[PDB]
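First to last, the protein sequences are chains A, B, C and D. Taking full-length UniProt numbering, the leading residue of the first sequence gets 22, the next gets one more, and so forth. Taking full-length UniProt numbering, the leading residue of the second sequence gets 22, the next gets one more, and so forth. Taking full-length UniProt numbering, the leading residue of the third sequence gets 22, the next gets one more, and so forth. Taking full-length UniProt numbering, the leading residue of the fourth sequence gets 22, the next gets one more, and so forth. Built from N, CA and C at the ideal position, the CB exists for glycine as well. Shown next, in structure tokens, is the structure this report addresses.
4 protein chains.
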Amino acid sequence: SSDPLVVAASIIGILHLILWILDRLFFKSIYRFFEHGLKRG
Amino acid sequence: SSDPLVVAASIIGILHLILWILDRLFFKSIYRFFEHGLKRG
Amino acid sequence: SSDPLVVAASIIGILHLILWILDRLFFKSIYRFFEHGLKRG
Amino acid sequence: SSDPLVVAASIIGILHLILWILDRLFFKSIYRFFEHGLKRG
Numbered sequence: 022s023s024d025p026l027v028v029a030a031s032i033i034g035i036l037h038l039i040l041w042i043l044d045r046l047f048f049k050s051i052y053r054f055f056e057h058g059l060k061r062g
Numbered sequence: 022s023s024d025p026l027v028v029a030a031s032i033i034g035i036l037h038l039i040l041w042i043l044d045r046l047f048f049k050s051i052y053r054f055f056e057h058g059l060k061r062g
Numbered sequence: 022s023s024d025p026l027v028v029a030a031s032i033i034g035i036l037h038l039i040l041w042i043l044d045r046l047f048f049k050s051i052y053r054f055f056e057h058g059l060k061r062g
Numbered sequence: 022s023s024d025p026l027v028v029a030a031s032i033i034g035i036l037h038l039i040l041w042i043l044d045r046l047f048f049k050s051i052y053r054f055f056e057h058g059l060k061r062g
């Protein structure tokens, strides 16, 4: 059917679950990233 | 399985990851959505 | 791989995104659940 | 083509939803983990 899109999205769903763990486990990277976003606006 | 629901859902999966990055990178737009929800709910 | 698990899981992927929109837009609904968790824990 | 990967990713998408419920239902588990990450980083 639309196999690359469905596969890529699924891969991305894992990728967000990893990001959510990284946001709390490796907290300082989002601590820097949010500070940059709040500064830049 | 019929195709459309599973295709729409996976597209939405990517869309939620794009929305999380959008939340931090451009704070101000989801900030208006939340203010709109607090005013009306 | 049979249909029901993947169909339910994809439907569930939409379901979390609707729940996140709900968490901001309909703020009082999530409030009652969180209060119940704090109360007895 | 890739049913093991697509299945595991779909299962993971449910798995994250359960974790977000877990976060505000069992608040003292996020207490014990967030304290450890604050303390040693």
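Give me the Cβ distance between residue i and residue j, rounded to the nearest whole Å; I'm assuming they're in contact under 8 Å.
i, j, result
"B:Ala30", "C:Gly34", "5 Å"
"C:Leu59", "D:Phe48", "6 Å"
At what residues does the alpha helix (DSSP H) containing residue i begin and finish?
i, result
"C:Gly58", "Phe48 to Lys60"
Expressed to the nearest angstrom, what Euclidean distance is found between the alpha-carbon atoms of residue i and residue j?
i, j, result
"A:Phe54", "A:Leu26", "28 Å"
"B:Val28", "D:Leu40", "24 Å"
"C:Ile42", "B:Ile42", "15 Å"
"D:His57", "B:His37", "29 Å"
"D:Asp24", "C:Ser22", "6 Å"
"B:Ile32", "D:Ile32", "17 Å"
By Cβ distance below 6 Å, which residues in the same chain neighbour residue i in space, the five residues on each side in sequence not counted?
i, result
"B:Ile51", "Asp44"
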